[PDB]
Amino acid sequence: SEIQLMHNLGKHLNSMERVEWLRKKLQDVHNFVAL
């Protein structure tokens, strides 16, 4: 029970931990007038 069990760090981030990730991560930056 590991590797996939608790994968929030960066190597799991790439395609599925981006769309739903950046979705909640947009509230952490809210305005964000940059890149």
# chains A, B, ... in the order shown; residues from 1 in each chain; ligands from 1
call {"tool": "select_by_dssp", "arguments": {"residues": "chain A", "states": "helix (DSSP H, G or I)", "output": "MDAnalysis selection string"}}
result
chainID A and resid 16:29
call {"tool": "write_last_selection", "arguments": {"atoms": "N, CA and C atoms", "output": "tab-separated table (two decimals), in the first residue's frame"}}
result
chain	number	residue	atom	x	y	z
A	16	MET	N	-3.33	14.08	-14.65
A	16	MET	CA	-4.57	14.00	-13.80
A	16	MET	C	-4.46	14.84	-12.54
A	17	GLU	N	-3.26	15.11	-12.08
A	17	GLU	CA	-3.07	15.97	-10.90
A	17	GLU	C	-2.69	17.37	-11.41
A	18	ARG	N	-3.43	17.85	-12.39
A	18	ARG	CA	-3.17	19.18	-13.01
A	18	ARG	C	-4.50	19.88	-13.22
A	19	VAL	N	-5.35	19.24	-13.97
A	19	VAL	CA	-6.71	19.78	-14.30
A	19	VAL	C	-7.53	20.00	-13.01
A	20	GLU	N	-7.72	18.96	-12.25
A	20	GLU	CA	-8.46	19.09	-10.94
A	20	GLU	C	-7.54	19.77	-9.90
A	21	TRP	N	-6.25	19.64	-10.09
A	21	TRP	CA	-5.24	20.26	-9.19
A	21	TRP	C	-5.29	21.79	-9.35
A	22	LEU	N	-4.94	22.27	-10.54
A	22	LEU	CA	-4.98	23.73	-10.89
A	22	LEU	C	-6.39	24.31	-10.59
A	23	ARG	N	-7.42	23.47	-10.62
A	23	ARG	CA	-8.82	23.94	-10.31
A	23	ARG	C	-8.87	24.45	-8.86
A	24	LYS	N	-8.49	23.62	-7.89
A	24	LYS	CA	-8.47	24.07	-6.45
A	24	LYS	C	-7.28	25.01	-6.22
A	25	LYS	N	-6.20	24.81	-6.95
A	25	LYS	CA	-4.99	25.69	-6.84
A	25	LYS	C	-5.29	27.12	-7.33
A	26	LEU	N	-6.33	27.28	-8.13
A	26	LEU	CA	-6.73	28.64	-8.64
A	26	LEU	C	-7.25	29.48	-7.46
A	27	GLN	N	-7.84	28.85	-6.45
A	27	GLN	CA	-8.34	29.61	-5.24
A	27	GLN	C	-7.15	30.05	-4.36
A	28	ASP	N	-6.04	29.35	-4.45
A	28	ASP	CA	-4.80	29.72	-3.67
A	28	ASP	C	-4.13	30.98	-4.26
A	29	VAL	N	-4.39	31.26	-5.52
A	29	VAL	CA	-3.81	32.48	-6.22
A	29	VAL	C	-4.90	33.51	-6.58
call {"tool": "residues_around", "arguments": {"residues": "residue A:3", "least_positions_apart": "6", "cutoff": "12 Å", "atoms": "only C-alpha atoms", "output": "list in words"}}
result
residues 9, 11 and 12 of chain A
call {"tool": "decode", "arguments": {"residues": "chain A", "atoms": "N, CA and C atoms", "output": "CSV table (one decimal), in the first residue's frame"}}
result
chain,number,residue,atom,x,y,z
A,1,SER,N,0.9,-1.2,0.0
A,1,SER,CA,0.0,0.0,0.0
A,1,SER,C,0.9,1.3,0.0
A,2,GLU,N,1.5,1.6,-1.1
A,2,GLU,CA,2.4,2.8,-1.3
A,2,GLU,C,2.5,3.2,-2.8
A,3,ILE,N,3.3,4.2,-3.1
A,3,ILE,CA,3.5,4.7,-4.5
A,3,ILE,C,2.2,5.4,-4.9
A,4,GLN,N,1.2,4.7,-5.1
A,4,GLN,CA,-0.2,5.3,-5.5
A,4,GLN,C,-0.8,5.7,-4.1
A,5,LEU,N,-0.6,5.0,-3.0
A,5,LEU,CA,-1.2,5.4,-1.7
A,5,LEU,C,-0.4,6.7,-1.3
A,6,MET,N,-1.1,7.8,-1.3
A,6,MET,CA,-0.5,9.1,-1.0
A,6,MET,C,0.5,9.5,-2.0
A,7,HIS,N,0.1,10.2,-3.1
A,7,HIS,CA,1.0,10.5,-4.2
A,7,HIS,C,1.1,12.1,-4.4
A,8,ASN,N,0.6,12.9,-3.5
A,8,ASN,CA,0.6,14.4,-3.6
A,8,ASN,C,2.0,14.9,-3.3
A,9,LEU,N,2.8,15.2,-4.3
A,9,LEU,CA,4.2,15.7,-4.1
A,9,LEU,C,4.8,16.4,-5.4
A,10,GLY,N,4.6,15.8,-6.6
A,10,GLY,CA,5.1,16.4,-7.8
A,10,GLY,C,5.3,15.4,-8.9
A,11,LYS,N,5.9,14.2,-8.6
A,11,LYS,CA,6.1,13.1,-9.7
A,11,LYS,C,4.7,12.6,-10.1
A,12,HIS,N,3.7,12.7,-9.3
A,12,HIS,CA,2.3,12.3,-9.6
A,12,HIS,C,1.7,13.4,-10.5
A,13,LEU,N,2.1,14.6,-10.3
A,13,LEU,CA,1.6,15.7,-11.0
A,13,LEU,C,2.1,15.7,-12.4
A,14,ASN,N,1.2,15.7,-13.4
A,14,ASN,CA,1.6,15.7,-14.8
A,14,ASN,C,0.4,15.8,-15.8
A,15,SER,N,-0.7,15.0,-15.5
A,15,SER,CA,-1.9,15.1,-16.4
A,15,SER,C,-3.2,15.1,-15.5
A,16,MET,N,-3.3,14.1,-14.6
A,16,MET,CA,-4.6,14.0,-13.8
A,16,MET,C,-4.5,14.8,-12.5
A,17,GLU,N,-3.3,15.1,-12.1
A,17,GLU,CA,-3.1,16.0,-10.9
A,17,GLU,C,-2.7,17.4,-11.4
A,18,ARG,N,-3.4,17.8,-12.4
A,18,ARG,CA,-3.2,19.2,-13.0
A,18,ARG,C,-4.5,19.9,-13.2
A,19,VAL,N,-5.4,19.2,-14.0
A,19,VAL,CA,-6.7,19.8,-14.3
A,19,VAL,C,-7.5,20.0,-13.0
A,20,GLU,N,-7.7,19.0,-12.3
A,20,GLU,CA,-8.5,19.1,-10.9
A,20,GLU,C,-7.5,19.8,-9.9
A,21,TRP,N,-6.2,19.6,-10.1
A,21,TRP,CA,-5.2,20.3,-9.2
A,21,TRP,C,-5.3,21.8,-9.4
A,22,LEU,N,-4.9,22.3,-10.5
A,22,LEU,CA,-5.0,23.7,-10.9
A,22,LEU,C,-6.4,24.3,-10.6
A,23,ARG,N,-7.4,23.5,-10.6
A,23,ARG,CA,-8.8,23.9,-10.3
A,23,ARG,C,-8.9,24.5,-8.9
A,24,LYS,N,-8.5,23.6,-7.9
A,24,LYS,CA,-8.5,24.1,-6.5
A,24,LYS,C,-7.3,25.0,-6.2
A,25,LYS,N,-6.2,24.8,-7.0
A,25,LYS,CA,-5.0,25.7,-6.8
A,25,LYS,C,-5.3,27.1,-7.3
A,26,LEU,N,-6.3,27.3,-8.1
A,26,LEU,CA,-6.7,28.6,-8.6
A,26,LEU,C,-7.3,29.5,-7.5
A,27,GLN,N,-7.8,28.9,-6.4
A,27,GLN,CA,-8.3,29.6,-5.2
A,27,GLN,C,-7.2,30.1,-4.4
A,28,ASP,N,-6.0,29.4,-4.4
A,28,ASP,CA,-4.8,29.7,-3.7
A,28,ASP,C,-4.1,31.0,-4.3
A,29,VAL,N,-4.4,31.3,-5.5
A,29,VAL,CA,-3.8,32.5,-6.2
A,29,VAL,C,-4.9,33.5,-6.6
A,30,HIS,N,-6.1,33.0,-6.7
A,30,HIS,CA,-7.4,33.9,-7.0
A,30,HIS,C,-7.1,34.9,-8.2
A,31,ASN,N,-6.6,36.0,-7.9
A,31,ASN,CA,-6.4,37.0,-9.0
A,31,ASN,C,-5.2,36.5,-9.9
A,32,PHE,N,-4.0,36.5,-9.4
A,32,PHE,CA,-2.8,36.0,-10.1
A,32,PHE,C,-2.6,36.7,-11.5
A,33,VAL,N,-2.2,38.0,-11.5
A,33,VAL,CA,-2.0,38.7,-12.8
A,33,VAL,C,-0.5,38.6,-13.2
A,34,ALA,N,-0.2,37.3,-13.6
A,34,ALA,CA,1.2,37.0,-14.1
A,34,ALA,C,1.1,35.7,-14.9
A,35,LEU,N,2.1,34.9,-14.9
A,35,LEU,CA,2.1,33.6,-15.7
A,35,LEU,C,2.4,32.4,-14.7
